[PDB]
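An overview of the molecular structure
The residues making up each chain are set out below.
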Amino acid sequence: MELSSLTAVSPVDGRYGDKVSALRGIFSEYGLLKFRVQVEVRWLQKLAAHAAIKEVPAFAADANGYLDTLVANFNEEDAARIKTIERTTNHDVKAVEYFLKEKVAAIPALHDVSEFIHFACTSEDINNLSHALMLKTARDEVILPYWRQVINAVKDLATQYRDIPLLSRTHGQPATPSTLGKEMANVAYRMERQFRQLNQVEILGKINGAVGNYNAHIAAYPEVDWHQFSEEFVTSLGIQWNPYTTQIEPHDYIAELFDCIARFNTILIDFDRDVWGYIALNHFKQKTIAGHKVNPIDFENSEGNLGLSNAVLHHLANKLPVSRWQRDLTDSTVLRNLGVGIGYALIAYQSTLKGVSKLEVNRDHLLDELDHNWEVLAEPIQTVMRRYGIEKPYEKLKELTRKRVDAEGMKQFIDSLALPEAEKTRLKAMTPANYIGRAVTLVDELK
Amino acid sequence: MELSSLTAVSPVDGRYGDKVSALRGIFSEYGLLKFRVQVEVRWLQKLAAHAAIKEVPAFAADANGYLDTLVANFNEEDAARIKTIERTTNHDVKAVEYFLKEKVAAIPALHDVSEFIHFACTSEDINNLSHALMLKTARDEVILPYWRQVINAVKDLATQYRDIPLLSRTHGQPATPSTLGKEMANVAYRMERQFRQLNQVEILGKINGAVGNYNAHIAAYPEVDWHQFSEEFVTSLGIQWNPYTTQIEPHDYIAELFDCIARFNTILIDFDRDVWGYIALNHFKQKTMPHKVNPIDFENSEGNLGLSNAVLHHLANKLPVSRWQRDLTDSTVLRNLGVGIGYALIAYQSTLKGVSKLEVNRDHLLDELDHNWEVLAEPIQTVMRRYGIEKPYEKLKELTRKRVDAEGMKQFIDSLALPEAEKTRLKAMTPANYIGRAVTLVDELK
Amino acid sequence: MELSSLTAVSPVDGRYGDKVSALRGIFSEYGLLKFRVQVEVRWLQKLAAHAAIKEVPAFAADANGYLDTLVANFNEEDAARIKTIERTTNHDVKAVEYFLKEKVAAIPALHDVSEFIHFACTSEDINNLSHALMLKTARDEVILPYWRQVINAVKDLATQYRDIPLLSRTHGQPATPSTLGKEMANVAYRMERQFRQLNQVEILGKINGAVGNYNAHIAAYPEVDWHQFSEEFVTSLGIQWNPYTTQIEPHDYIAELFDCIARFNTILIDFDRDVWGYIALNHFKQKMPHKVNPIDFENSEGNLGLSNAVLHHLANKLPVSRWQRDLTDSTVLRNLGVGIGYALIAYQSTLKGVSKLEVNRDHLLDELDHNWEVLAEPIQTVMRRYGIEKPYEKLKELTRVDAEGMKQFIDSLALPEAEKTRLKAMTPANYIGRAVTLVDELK
Amino acid sequence: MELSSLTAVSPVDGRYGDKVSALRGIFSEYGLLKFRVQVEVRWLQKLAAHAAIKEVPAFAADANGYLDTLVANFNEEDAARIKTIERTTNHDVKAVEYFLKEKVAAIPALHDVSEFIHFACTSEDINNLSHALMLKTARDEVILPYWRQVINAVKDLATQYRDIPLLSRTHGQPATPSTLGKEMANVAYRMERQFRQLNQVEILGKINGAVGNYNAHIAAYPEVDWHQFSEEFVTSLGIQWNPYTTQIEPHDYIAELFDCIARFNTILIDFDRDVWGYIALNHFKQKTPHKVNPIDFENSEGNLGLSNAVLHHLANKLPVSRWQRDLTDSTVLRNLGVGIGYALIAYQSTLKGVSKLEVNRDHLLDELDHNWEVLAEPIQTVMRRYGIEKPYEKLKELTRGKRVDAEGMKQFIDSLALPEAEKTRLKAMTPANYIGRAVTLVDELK
């Protein structure tokens, strides 16, 4: 049966496919052939621009026009053509080569030099750079902006919930009070950390030739330094320079990228589980509309997808850097999957966003929940005792905590203590709700 | 960009799609809806068959026929229509109910009972069964056949190469010889162990209720036994029963299934790697001086297989863990049931293609064998030990030291205290002559 | 800094090491040399048994006495002697070999045959059977008993709370009522499944010799049938037999076993998180209430994570060995118990966690009484049976719910009065569906 | 059965545990107690040193001296005492407090402030910083030195062998020639790339108290800035500050760490494997031809995977804790030095293996000498330069079963139409001088 969203095996190209559309221009075969074409053209132009090669004479403005436009206007029909040529070639890169060959066929300047397309390059010279462009383009145009959307969402929830008291939960149970603003502030913080780390990750490439030794480049063209040629070329593409390679690129940097992305996804998983929890306690209710509990599912699915993402992200990151000797092709097919994990991630991200849009806080439920546990108020008293020398605070506080613990019992206990009456007054001005320690200011320090 | 095999973000529906097309009728959304319609229809049919339920009267051949054809003739436009009934439901399982009602409103008998569709059913009552049908159907129509073709390729090689002596590699270094056929035979054995293991795995399903206690069922129909209803209904689908569940089937059996599949995948990775090594050793040549054979289909296999496991294991580890009576993290996860099976598919096909290309180089293996005569030290020790000579290892710490040949072996042999029959036996020995029992071991696979 | 529970890097032989003591006779090096010695000895014995080998005559009752006692009494000092021989020999199997040849010389009839020890065998022939004995022993004497204890704990919670009604949570929000006994019974059922499965798993072994072809065996003794020898020996060791093999046992059965174990562990993780939750809602208390600290369940959770980590890794990596073999597995197998150990620390902990559990009835009942919206479900079905128009619109409009709200709404409909007395009978507490009898049929 | 390296379940404290001895002072319960005592003592010190706290007046060096000698001179029996106190308290953190107070009871100056030990802190304030010191300590003192030793080993294999020609293998089969030096140089480059990263990884601690809001701190001493207090105190430890936290540090930097470490481990896995391969080709030999055992690369390769499994697990699970915390991490953090532990063993083994490596130059040169077909490519390229039509199919018209030698190439290119300079350029080419730029890249690694 023909391919559609209904007939698709993978939900990424499946029911969730219209979310991931931006990756169809990148990690698909269309992206592969696209960046292959770009890189090949850039390679030819780079040749013609070198004075030491008289075989490719420097291009006129118009021919450069045809090439640049060939790279910029590249579309799905062209990819189709390459795929059709691949039937005859049986090599998918040589198919690109022929595609370009027949595209320049009518332009004398280009056709005459057309045999210098993919000159001295091995296939992975084109492939690894195509990949690099895939991952970089994805990172900047897609991933990072989403990370920013989520981050800003959590920051928003942090400013909105800033002064809202909350009864904290340690090993599932009531604990020293906080605010939701802060609980979001932490997530935002860690997310920002990973963001930074991901923007600082290196993205690497090479054209080294066959084994990386510039063998045929130098054998054919001793007049050139192909090291400088290679650096200039790889840097010309907006990529980073990896002078030491076997036939392939060792792939370490993709392990790095996917590691970071995985960390982010993990933090987000923690967030989704936590919000799932807060909803379970009815700390959250549905927002009114123009179109009531919140169905958690937006986060749920997100969580469910995030792991899946990691599942792939990890594996590649683990597998790719290992390739037998000078190379094995086990990586090639795997490198077709670069955008699957990311895809999952994307979905998850969006889901979370949606979830956040549905969230409204339930204030009076939290206020009451705090009102009903006055035991958290033992602690600050204890400290204020530990300062003034009152002996065995943990011994004396048991005379209270086990069991009514109202505000009356509390203030009575505080009255029965030996203490400067200013501290008595203060302690007696305490409520579990009002007592956040430093939360709010910390929430405000985030920006 | 519109969705094509070109614009697919993933190679499964991507470049490798024409391989996995068989899964499109199972694990896709189309398969999900297909088995949902199947389950709902069959369920209403059981509702009708029952004597205790008089509100749903028995069907004559006409309506039963219309339903059977509803299930069997279910197609892509039906599913597309169900997808169109969304944007309304916002609920994916309810769209099926609407679809069934409207489909069925033409025939009066099913028309008047049409509100008994999905009766006292939670969504997951349908979903889990649909998944079970997915897995069973995939296993029967795809997985096992392919496993069999693989084991048959491996066994083919085993039989062809049965008599062909091979210099073994331990620590990638020369060891006591063998036949290539034996080395294939082993992988075949492991494979078929995993095969009989997979055929023997339970595909589980349960329809009980929202929380699994048959609440609403008893609420409406207290005089009906819903446990017998459950067991019967689940077995009737070719599934097997889980009496005890929460709102969801706990998913353990999918963990088990994907675990077996993952083990098979592992064995096949061992095989692909090994054959890669043999090709690298120039032990294999091209089918028709000899020509190099390019083991891409093996690499392409071993690259995909791992990926397969990567997802498989995940669904094995993640799925069974669900908060309290349930959380929906599985709902989306279970749409991925076909991914690792897809990768596995592609790897299987690849490996088959790569075995199709295999020729053996006999002159080479014999040359290599004859260049290592040191392996004949071992059988000389053992005999020397049986006949009571002392310090055999140290006495062969004489013979080992230039490189060994047949002449030297004969000198050493004659230099020893042995029954002379045993001597001549030892001198009858060559690296190729010493395969142990391997030939008969290949012969004995049944 | 010599070795103590204190100075240990790993908590397995570390702080948690007095839990794992049962595994110190199995998966350690002491265990390794123990089972190696056993396998070697019995190999010798079986060589003596065979009639076609006259070079070692049969063992009388006394020599079998010395060998059997040699194997049975194996202690740490013996293992230290072996370990000492390992310095001179620099092959850890050859030290066991020299240790047996050494010990056996007390008896003349054995010393005569001392050179038939490890005859035709290759190291892995001994090592792999040693592993088999390791995993079998571990399974029967350790793992299965615990699994049974846990299962019986959960079952006890099931029989206890069987009648106790509980408000369900689907995606964390309230749902159709149930009993705790049920939710415990499900866990008990899954655990039962994995228990049966772990019982079913094969423990595999071989002595095929060097590369698995019986090269040397056949070279020395073309008379003997060494396949019957392999089968007979391997089965006599209590181990199931793998006929087709390279220098190593492919380890697949270890993958199967560890897979089952990890599945069980995962079930247990689900359980622990679930009890964490139930406690977090104050559904559980100690034995005014008293909050119970759910520490044993978290410490179970983590160590289960680690356990599954190791078990998984070994299961996936082990079966892959390059060509006829690579020795990468040789070291990894020293970790066969590691993951298991982790599991142990969980199994015990969860137990200690369950012993501290007592249910809060009043809390559950008061939670149920504050949700009558669950009763929205059953009514609907009844409405659907007697053919009331479009129920879900009506009910979903009808709902801040009371008893009288319900009673009123039920009286607002056209149904047999029988069904109105049936429905007016229901409370969210009263409405458990079939749960009780479902619990009753567990065992 | 008493604990000895013999009875140990794990080889880390087991058979392989004499290699890991360093970690015994870091990641153990001993190290936990040591660093705990350290951070508690320093906490008390900073408490005293603060003016806004009058109830802990500034120490003399008659006092802080004793404290410092408490931290620095810590030994095994202090840890033992603390353990015996954990026997009575049942809380393992409280025993550091008791121990500290029974140590301090003698000096009345400290004994009088002794109730301020661990003031306002909650257990993970101590624990997390203890962890930070564990990781940093191991990282500077243990891990990095080893990474350096390995990087230098490989660098030496690269610089020694730089000009030794080697026939490359892509998909296992002969490819464009290279040098050993280049092939090791790659590994060196990657390894260093990781080294820098691990060195640049942040290490974090918090000490904000219970939920991280400084609740009790401000309760007792509202006048102080405890954010200042926190930043300062955490930076004074040699660690980096994490202002935003729940009861526990998120354990992200642990993820980063173990990710980098796992990456390095993976590079070393690739290396061990490749070397295993080269040894399998007889490309390496012993040192005063003798056959070499790759048991060290098999051991390293073996333990690295376990290391990555553990580290990976800690990295994935640790950062996830329910709400303000779950204690599932508390036990898991006892395992911090397990993964590293494995790594350590590996790191050693590999080195040992590298110490056994000699190159066989003759074997390599000969294998190259049988491989002349590799010289095809350069010719093609040259042919493509001077415009010779369809170059690649002009060759490959040598698939000939006369194979290929120097005379064949010579004659062939003699037939070609080329300026004589390029002809003799190509005739001068042999597989062994065709290594290209390898030697200069190796040189430039410096």
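Looking at the method and resolution fields of the entry, one finds X-ray crystallography and 3.00 Å.

1. So, the pairing of strand β1 (residues 165–170) of chain C
All names here are of chain C. Burial analysis of β1 places six of its six residues in the buried class, which makes it a mostly covered element. The pairing of β1 with strand β2 (residues 173–179) spans five bridges and is antiparallel. Pairing of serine 168 across the sheet is with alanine 175, part of β2. Hairpin connection of β1 to β2: two residues between the antiparallel strands, including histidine 171 at a positive phi of 50°.

2. Notes on the packing of helix α1 (residues 29–48) of chain A against helix α6 (residues 123–160) of chain A
Residues and elements named next belong to chain A. Close contact between α1 and α6 brings their axes to 8 Å; oriented N to C, the two are set at 115°. In this structure, the crossing between α1 and α6 has a hand that is right-handed. Contacts between α1 and α6 involve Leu32, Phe35, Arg36, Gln38, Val39 and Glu40 on the former and, on the latter, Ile126, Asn127, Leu129, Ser130, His131, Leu133, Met134 and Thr137. Considered class by class, the residues forming the contact of α1 with α6 number seven nonpolar, five polar and two charged.

3. With respect to the interface of chain D and chain A
Each side of the interface is counted separately: chain D has 88 residues, and chain A has 91 residues. When residues of the side of chain D that touches chain A are traced back to their parent elements, those giving at least two are β1 (165–170), β2 (173–179), α7 (180–200), α8 (215–220), α10 (252–280), α11 (295–317), α15 (376–385) and α18 (438–444) of chain D. No other element matches α10 of chain D, which puts 13 residues into the side of chain D that touches chain A. Within the side of chain D that touches chain A, the residues separate by chemical class into 37 nonpolar, 26 polar and 25 charged.

4. Observations regarding the domain arrangement of chain B
Domain parsing of chain B yields domain 1 (1–117), domain 2 (118–372 + 436–446) and domain 3 (373–435). Here domain 1 of chain B and domain 3 of chain B have C-alpha centroids that lie 74 Å from each other.

5. Brief notes about unusual backbone geometry
Phi is positive for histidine 171 of chain A, which is not a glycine, with a value near 45°. By the secondary structure assignment, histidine 171 of chain A is in the loop between β1 (165–170) and β2 (173–179). Looking at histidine 171 of chain A, the relative accessible area reads 17%, which means it is buried. Unlike most non-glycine residues, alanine 120 of chain D shows phi in positive territory, near 65°. Mapped onto the elements of the fold, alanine 120 of chain D is located in the loop between α5 (108–111) and α6 (123–160). On the accessibility criterion, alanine 120 of chain D (15% relative accessible area) is buried.

6. Focus: the side chain of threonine 381 of chain D
With respect to the helices and strands, the residue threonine 381 of chain D is situated in helix α15. A polar side-chain atom of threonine 381 of chain D sits 2.9 Å from the main-chain carbonyl oxygen of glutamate 377 of chain D. When neighbours within four sequence positions are excluded, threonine 381 of chain D is seen to be in contact with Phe119, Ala120, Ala216 and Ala220 of chain A.

7. Things to note about the packing of aromatic side chains
Taken as a whole and judged by the stated rule, the model has 69 aromatic pairs over all chains. Residues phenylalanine 74 of chain B and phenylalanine 99 of chain B carry aromatic rings whose centres are separated by 6.2 Å and whose planes lie at 80° to one another, so their mutual orientation is edge-to-face. Within this pair, whereas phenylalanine 74 of chain B is found in the loop between α3 (61–72) and α4 (76–85), its partner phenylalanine 99 of chain B is found in helix α5 (residues 94–104), the two being separated by 25 residues in sequence. Using a relative accessible area of 4% as the deciding quantity, one classes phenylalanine 74 of chain B as buried. Judged by relative accessible area, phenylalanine 99 of chain B falls into the buried class, the value being 3%. Three or more aromatic residues link up through ring pairs in this structure, and these residues are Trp43, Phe116, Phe119, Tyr221, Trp226, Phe229 and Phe233 of chain A. Between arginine 324 of chain A and the ring centre of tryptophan 276 of chain B, over which it is positioned, the NZ or CZ distance is 4.4 Å. A cation over a ring is seen here: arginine 385 of chain C above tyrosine 221 of chain B, with NZ or CZ 3.9 Å from the ring centre.

8. Description of the interface of chain B and chain D
On the chain D side, the residues contacting the 17 residues of chain B number 16 residues. Both sides together, the interface formed by chain B and chain D hides about 1400 Å², and carbon and sulfur atoms give 48% of it. At the surface where chain B touches chain D, the tally comes to four residue pairs in polar contact. Looking at the side of chain B that touches chain D, the elements that each hand over two or more residues are β2 (173–179) and α11 (252–280) of chain B. Of all the elements, α11 of chain B adds the most residues to the side of chain B that touches chain D, at four residues. Grouping the amino acids of the side of chain B that touches chain D by side-chain chemistry returns seven nonpolar, six polar and four charged.

Calculation notes
Residues numbered from 1 in each chain as written, not as in the entry; some residues may be left out. Chains lettered and ligands numbered in written order. Heavy atoms only, no water. Residues with missing side-chain atoms left out of burial classes, pairs and counts. Buried < 20%, exposed > 50% of the residue type's maximum accessible area, 1.4 Å probe, protein only. Helix = DSSP H or I, 4+ residues; strand = E, 2+ residues; numbered from the N terminus. Pairing = 2+ DSSP bridges. Axes fitted to C-alpha atoms, helices over the stretch in contact; angles between N-to-C directions. Left-handed = near helix turned anticlockwise from the far one by under 90°. Contact = heavy atoms within 4.5 Å. Nonpolar A, V, L, I, M, F, W, Y, C, P; charged D, E, K, R; others polar. Domains from an automatic or database assignment. Polar contact = N/O pair within 3.5 Å; in protein donor to acceptor, adjacent residues only side chain to side chain. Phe/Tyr/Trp six-rings, centres within 6.5 Å; stacked < 30°, edge-to-face > 60°. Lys NZ or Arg CZ within 6 Å of the ring centre and 35° of its normal. Buried area = accessible area lost by both parts, 1.4 Å probe.

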